[PDB]
Protein chains: 4
Amino acid sequence: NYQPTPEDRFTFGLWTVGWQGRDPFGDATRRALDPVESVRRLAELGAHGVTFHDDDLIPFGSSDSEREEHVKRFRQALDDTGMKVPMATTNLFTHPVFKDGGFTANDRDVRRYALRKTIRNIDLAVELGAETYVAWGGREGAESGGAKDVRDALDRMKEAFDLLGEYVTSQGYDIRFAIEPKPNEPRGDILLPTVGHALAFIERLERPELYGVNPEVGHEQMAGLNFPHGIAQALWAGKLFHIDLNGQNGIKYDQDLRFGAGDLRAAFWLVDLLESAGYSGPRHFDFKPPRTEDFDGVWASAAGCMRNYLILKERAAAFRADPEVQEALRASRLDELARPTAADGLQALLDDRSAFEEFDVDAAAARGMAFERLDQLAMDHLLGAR
Amino acid sequence: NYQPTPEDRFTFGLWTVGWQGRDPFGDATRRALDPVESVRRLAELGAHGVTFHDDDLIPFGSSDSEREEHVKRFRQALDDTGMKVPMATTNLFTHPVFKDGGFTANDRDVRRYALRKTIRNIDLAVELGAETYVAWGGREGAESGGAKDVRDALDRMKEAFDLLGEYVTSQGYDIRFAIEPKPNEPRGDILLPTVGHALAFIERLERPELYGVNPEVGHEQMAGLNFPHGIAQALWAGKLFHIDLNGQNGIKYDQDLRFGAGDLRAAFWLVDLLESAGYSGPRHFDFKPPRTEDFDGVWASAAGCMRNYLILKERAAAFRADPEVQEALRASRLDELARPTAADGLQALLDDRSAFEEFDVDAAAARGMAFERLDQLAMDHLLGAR
Amino acid sequence: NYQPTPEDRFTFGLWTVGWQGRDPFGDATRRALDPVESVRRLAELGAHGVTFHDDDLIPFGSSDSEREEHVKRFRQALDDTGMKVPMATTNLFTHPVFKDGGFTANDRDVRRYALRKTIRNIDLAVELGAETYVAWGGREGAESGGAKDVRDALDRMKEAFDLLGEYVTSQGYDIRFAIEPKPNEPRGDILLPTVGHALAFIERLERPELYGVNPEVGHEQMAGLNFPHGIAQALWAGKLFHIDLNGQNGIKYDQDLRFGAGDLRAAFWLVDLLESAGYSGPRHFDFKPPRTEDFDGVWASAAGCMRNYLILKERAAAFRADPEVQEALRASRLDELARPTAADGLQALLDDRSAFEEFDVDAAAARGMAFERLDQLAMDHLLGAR
Amino acid sequence: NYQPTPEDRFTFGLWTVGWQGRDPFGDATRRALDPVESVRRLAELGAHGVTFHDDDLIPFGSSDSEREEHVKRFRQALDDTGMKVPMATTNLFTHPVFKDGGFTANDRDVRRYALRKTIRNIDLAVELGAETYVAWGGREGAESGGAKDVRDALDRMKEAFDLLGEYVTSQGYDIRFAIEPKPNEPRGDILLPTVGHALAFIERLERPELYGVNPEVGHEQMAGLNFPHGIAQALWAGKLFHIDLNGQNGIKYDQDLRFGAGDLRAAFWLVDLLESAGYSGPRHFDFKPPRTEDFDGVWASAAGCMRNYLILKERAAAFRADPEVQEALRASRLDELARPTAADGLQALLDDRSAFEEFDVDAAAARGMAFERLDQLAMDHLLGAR
Ligand SMILES: [Mg+2]
Ligand SMILES: [Mg+2]
Ligand SMILES: [Mg+2]
Ligand SMILES: [Mg+2]
Ligand SMILES: [Mg+2]
Ligand SMILES: [Mg+2]
Ligand SMILES: [Mg+2]
Ligand SMILES: [Mg+2]
């Protein structure tokens with residue numbers, strides 16, 4: 001019955017199940033959760049691990065003895081449960097000092113503090129076992145056109161990430177960075193707003209091999225984009241270092257619904273792609289149990305994230321295994337798409353009369369693609385109606 | 001009185017002023033326009049040049065004789081007016097043969113034909129003096145998840161662009177390519193849906209220096225994105241080879257309104273950025289006079305494109321030259337954003353107590369950004385209400 | 001195996017399976033279908049009936065003998081198959097004369113012609129058995145703010161609909177009108193853009209009982225709205241006279257995907273609502289088989305519309321029948337929502353100290369809503385994973 | 001120089017200039033503002049009045065003594081400045097007790113409490129002189145399909161508004177209600193999501209004359225709708241009792257930018273419509289100075305709201321008074337749109353050969369609308385470039 005186990009590599013942020021329910025129109029509906037309790041409860045649900053922002057684990061402004069005690073308690077819970085910490089990140093968005101950004105704040109002193117706050121937490125992440133360090137620049141951007149020179153900001157962003165790469169290299173760490181794009185919210189427009197913009201930026205870093213993306217389902221959908229397509233481009237580029245799973249109903253505020261909610265068909269095609277491609281990273285849920293829920297509803301929502309992934313994994317596997325689907329894929333020429341267009345080379349293509357002077361455009365145009373029957377087989381499999 | 005001159009480098013596609021008004025729910029409302037007339041009338045309006053798809057200039061399926069005559073008549077009009085042809089492109093979207101794409105059609109024979117059709121028109125573009133060859137892959141994509149393996153499609157897209165780069169290099173042509181992103185329409189989702197995705201793809205081509213972007217105002221806005229921000233990233237990357245100017249009311253079908261319509265404030269910030277950055281390429285309008293209009297309205301709409309650019313250029317220049325605006329920019333620390341964050345280097349940053357232990361977080365947080373006064377100065381300048 | 005039969009009341013527009021594939025960037029990919037063939041093929045698939053615009057059945061500009069022969073052939077096909085015609089409509093959008101609208105064209109002569117064209121087709125619709133006459137005002141609206149005075153346009157729209165109501169009343173017809181809202185496309189903004197605006201307008205007609213709505217899944221979703229919620233308000237108002245079923249991926253051009261595609265979860269909740277409420281009207285599909293398809297794909301796509309409705313009907317029925325769901329609905333207080341708030345009346349409510357002075361806000365606030373477990377039961381049922 | 005005066009009837013909510021800057025990813029950036037200071041500073045800026053939620057003026061849970069003192073201090077500031085309070089509203093969204101709604105909470109006890117809390121504040125509103133009592137049901141709705149039976153919820157919403165209408169009638173109060181639609185946020189979908197849905201609902205209330213709409217610029221734009229068009233329908237219905245002015249960049253989270261920001265052209269057409277129609281109600285700003293700002297920026301942003309309204313009023317008046325614009329309006333037949341279509345009556349229309357058999361369709365279709373020249377005149381006027 002679709003029970004998750006640690007082999008599935010499902011992970012959750014402390015800030016997910018720990019979200020107290022504050023929204024901009026509403027006060028908290030749930031009391032604060034001790035990270036120790038979250039580790040224990042998530043382990044009981046079959047999770048593989050947890051993730052954290054610095055400020056989720058160590059209250060901002062803590063002394064060293066407070067910091068040590070908070071980390072000690074968390075480590076003890078990890079050791080007790082066997083839960084891993086595959087990824088961590090920096091909170092460079094909540095505190096008022098970051099109201100104009102961290103790495104791209106107009107004020108240089110804030111930019112430097114943001115880097116120092118990040119570097120301190122990279123050390124802690126490595127200590128606790130993280131393989132990926134995520135950066136979500138939620139405050140990098142603007143509400144008005146004059147407030148941020150984006151060319152200068154990209155220079156500052158490159159400088160920051162280059163320094164972080166120099167740091168991890170100098171320390172001999174194996175951890176790598178994953179940039180998490182988002183188009184807007186909390187800023188009117190956020191810099192590096194989609195997977196594409198982040199991938200493009202990475203190519204201009206000094207050590208691009210150290211950086212990939214951490215795409216989030218709902219974020220790309222807030223720009224109306226096809227999340228499986230974006231993941232495909234990230235995989236094509238060798239840059240899918242981590243992924244954030246949740247649900248979103250199209251173009252509106254960032255809903256962070258449990259995975260499977262929002263665009264269910266997109267969730268199906270996403271799981272099909274991750275499993276087919278052999279993605280081996282964490283299946284991380286960056287979601288919020290709605291503020292209508294008590295703690296029983298928190299754990300039900302987290303359990304649902306994993307359950308929906310596993311149902312979709314079964315259905316996508318059954319789809320790909322079905323001989324009738326394999327036939328429909330051939331009927332739609334998915335096999336031909338994987339063949340090189342012109343491995344014979346440019347000169348041969350130019351000399352091939354069948355490619356132009358003798359090409360029967362009307363006969364080619366008459367061929368149906370058979371995509372509707374293929375998609376109805378996919379629907380039948382998703383719904384278990386085969 | 002905001003009169004365009006050819007030195008402004010305003011250009012128009014033949015298919016813009018020549019759009020006959022067919023939409024998916026409506027038949028054509030205007031008769032066909034002779035390209036010769038378009039050249040002459042656009043010259044009278046102060047345009048610098050025109051652009052074309054192959055099939056706009058030469059009816060699809062024309063004999064070599066008919067093709068020569070169509071080109072000859074067009075060249076005579078260019079020669080008589082001094083009008084230029086700075087850009088050309090291929091129609092790989094109208095004919096039914098391209099219903100599943102050109103370079104990424106599932107059928108391999110179609111992919112080879114698309115390349116041959118493109119190569120033939122590159123030759124014609126060079127004959128006419130085009131400096132940029134645009135590719136808008138409007139049929140590259142899918143309506144359903146199983147129809148298109150996006151990793152394979154990106155392989156085919158790269159193969160195609162690599163072959164085109166080999167062709168131009170082998171022939172010694174100075175022309176360069178510009179990929180035009182669009183998120184959707186006519187396909188449910190289009191491959192390379194935004195400026196970011198196209199920039200990222202270009203970095204993986206064999207000869208990336210031959211390829212840039214041709215972003216279109218309305219296309220990025222169909223994903224709810226900030227067009228000036230995207231242009232800034234293209235400029236930062238050295239990839240703004242060409243630009244398409246029009247208007248769009250947010251997230252809906254591609255409207256192709258005249259430039260200045262749609263998001264007027266975004267148009268202001270775009271013109272400010274292009275002029276401030278010293279962009280020297282064509283200011284090309286890919287717009288459609290609404291089908292409500294007769295030909296007097298066609299030419300009025302084309303004139304309006306250029307007029308609005310020039311008004312916005314004046315207001316943006318006045319904004320930048322106003323000492324009160326410059327003071328506001330300094331108050332908001334836009335000048336400080338241009339200073340390197342840590343040119344002192346990583347070790348110095350790590351050793352700098354002013355960047356962490358002695359950083360006064362609450363004093364920094366108390367500093368206002370003064371962005372609202374700056375933005376109201378921008379509004380006052382845009383509206384001529386200073 | 002989810003086979004449709006005529007008892008299911010599935011209907012299709014001639015223009016759906018008959019769409020030749022022309023889009024604004026592409027020429028037709030399929031030859032024209034004879035309505036006689038469409039009637040026969042749809043009957044073979046298990047449809048209950050067909051619908052038409054005047055211009056789908058009778059080419060615009062036909063003589064009376066041509067009109068009679070076209071109607072005769074269509075009637076013979078209806079008689080041969082037993083297919084019904086439950087609804088018909090007027091094409092007031094394709095021909096260039098309607099480029100500024102029909103009933104709200106600025107030109108009064110066009111407004112009067114639009115009414116005469118509609119009235120002629122009302123007579124034909126009644127002859128062929130239609131119970132509903134749909135009006136989709138796809139050209140009523142504007143691309144620019146000055147082009148249409150919306151207060152005047154609403155006066156003209158009310159006048160037109162009032163005259164149509166006078167006509168049907170004077171003739172003694174039982175047919176009723178259903179206004180089909182759409183937010184945009186082909187006009188930049190369309191008048192009466194959502195179910196709400198149409199419902200509000202109807203209340204100001206002279207004989208409001210003669211008018212309801214014909215909401216379309218994709219149209220409300222083009223404004224990002226919740227289609228089941230809109231249908232609920234239409235049912236609450238007694239105004240769901242007809243419905244158009246299809247799929248849409250959120251906020252973009254009108255995709256007209258087959259029903260079940262697009263927002264699958266919304267399709268589930270829609271079918272649950274229609275079946276629970278006892279909606280007895282046609283389940284009409286206003287969709288377009290993608291232009292990638294040949295005619296085998298056309299019929300597969302139409303069959304898929306019906307199949308998906310039937311799968312969702314089974315899953316929603318199983319959801320409502322499940323004792324565990326009935327328990328979850330109680331846990332979430334859906335039963336309490338159906339109870340009057342204050343059937344004791346205003347004075348009793350004002351005098352009830354338990355409603356205010358003695359109301360324990362913190363105890364009430366602590367109660368979880370249990371909505372996540374309820375929604376995961378719904379997901380499990382939709383996916384057949386119970 | 002576009003200086004506001006109290007006779008302009010500009011008003012502001014206490015919660016606007018008093019927003020402390022908490023967003024869902026960020027803590028407050030500004031300290032709390034005393035309502036007395038807001039009254040005095042807004043008066044100095046030229047405002048006419050202020051508005052309030054109960055909980056903005058009186059901390060939730062205050063004793064009767066504390067409540068009296070808070071109101072007394074506020075009234076003293078109003079009396080000292082001559083500032084008015086034209087509108088008031090209830091906070092039925094912040095406290096956790098309202099997490100599933102007020103009037104449509106599933107729990108019946110919460111619905112009764114919400115009504116009592118509202119009624120208490122209606123009394124206070126009357127004491128302070130409010131002519132309109134706004135209801136923004138920000139928590140009425142759902143994140144999941146099973147959580148909220150929308151027909152039952154509309155029954156509960158109608159019951160609540162009917163009881164409130166009975167209350168004001170029984171007390172002899174002249175105050176009227178204005179329902180503020182919003183499509184989403186903080187709920188995944190909000191009930192009565194647009195102006196249209198609210199207008200439709202009002203027509204089914206027991207005393208519809210007591211209820212109108214309070215539309216908000218940004219809210220309709222969050223559904224991609226045309227705000228001036230929606231206001232036109234509200235005016236056509238006699239239901240524009242109040243209006244909320246701000247800015248929004250299309251389809252994303254509710255930005256509450258200062259008026260004139262966001263869609264500047266829509267702001268122009270809105271001001272044109274309100275002034276042309278003779279709207280006499282408050283011009284109320286429901287906006288938030290961005291959290292980047294200090295208090296100097298707060299007051300600059302508030303001043304900017306009024307300044308932009310006044311600039312746009314000037315430009316719209318100049319547009320309407322320009323004989324060249326009036327000529328363009330006639331050329332586009334805006335005057336003809338005001339003529340009744342068929343005041344001659346149904347029979348005369350049916351008998352009029354000029355409306356059908358002798359209507360020259362091709363001559364009518366050939367007439368251009370001249371909308372582009374008209375819109376460029378509007379652009380020129382907006383930008384002061386005539
Ligand atoms: Mg998110
Ligand atoms: Mg995330
Ligand atoms: Mg376009
Ligand atoms: Mg273009
Ligand atoms: Mg549609
Ligand atoms: Mg329809
Ligand atoms: Mg708002
Ligand atoms: Mg408001």
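The basis for the numbers below is simple: all heavy atoms, side chains too, and nothing from hydrogens, waters or symmetry mates. In what follows, chains are A, B, ... by sequence order, proteins preceding strands, each numbered from 1. Indexing begins at 1, ligand by ligand and atom by atom, following the structure's order.
If you check the side chains of C:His284 and C:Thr51, you find a donor sitting under 3.5 Å from an acceptor. If you check the side chains of A:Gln248 and A:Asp263, you find no donor sitting under 3.5 Å from an acceptor.
Nearest N/O/S atom of C:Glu180 with respect to the Mg ion (ligand 6) is recorded as OE2. Taking the Mg ion (ligand 6) as reference, the nearest N/O/S atom within C:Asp286 carries the name OD2. Looking at B:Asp256 and the Mg ion (ligand 3) together, the shortest N, O or S contact belongs to OD1.
Under the 4.0 Å criterion applied to side-chain N and carboxylate O atoms, B:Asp23 and C:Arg139 are assigned as salt-bridge partners. For C:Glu140 and C:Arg187, the salt-bridge test fails: no basic side-chain N is under 4.0 Å from an acidic carboxylate O.
With 2.8 Å as the limit, B:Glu216 counts as an N, O or S neighbour of the Mg ion (ligand 3). Inclusion of B:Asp244 in the first shell of the Mg ion (ligand 3) is not supported: no N, O or S atom falls under 2.8 Å.
Here the side chain of C:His219 pairs a donor or acceptor atom with the backbone of C:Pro181 at under 3.5 angstrom.
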